[PDB]
Amino acid sequence: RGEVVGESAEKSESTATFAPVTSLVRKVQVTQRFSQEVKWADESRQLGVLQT
Amino acid sequence: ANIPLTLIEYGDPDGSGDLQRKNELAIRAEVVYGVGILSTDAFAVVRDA
Amino acid sequence: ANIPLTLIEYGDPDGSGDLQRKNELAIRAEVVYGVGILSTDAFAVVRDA
């Protein structure tokens, strides 16, 4: 901030203050489980279940 | 030695307070003389006391 | 970091009064060292306590 001062009046200081802020780190996973029966059914009959 | 007329902008050269704190300036000039008298008998004075 | 030998003419850099008031000069040098000991066991001392 600025300060208003007289002719030989004593001057002050006012200085910028700073602080840090920090990230977190999040790991996200998805796991889908199915029978090998479902792989056989899809690859024979062309369902597109594994692709969807 | 001789220090020709100069501007002082910082500190307190005379005791009144800091030049930057009070927003003041000072000018200084300074010389050093050597002085000696070979005989005082080389002089005479007129006076009234 | 390193501040090589340099002349100070103004203010009071040491607490003993102002350099322009008391008509003095000061020379200063600085260095900053980082220091660390990876294990104290890497060293031994010969002593006479």
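All but one of (1) farther than 18 Å from C:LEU25 by Cα; (2) within 14 Å of chain C (Cβ to nearest Cβ) hold for B:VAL45; which doesn't?
(2)
Identify all residues within the stretch B:1-29 that are surrounded by 10 or more Cβ atoms within 10 Å (Cβ to Cβ), touching a residue at least 24 places away in the same chain (Cβ under 8 Å) and over 13 Å from C:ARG21 (Cα atoms); write none if there are none.
Residue satisfying the conditions is B:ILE3 alone.
Within the stretch A:15-29, identify whether any single residue is surrounded by 10 or more Cβ atoms within 10 Å (Cβ to Cβ) and free of Cβ contacts under 8 Å to residues at least 40 places away in the same chain, and answer yes or no.
No.
Every number in this text was worked out from the coordinates using simple rules, so none of it is lab data. Using ideal geometry, Cβ is built from the backbone for each residue, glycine included, and neighbour counts are taken over all protein chains shown.
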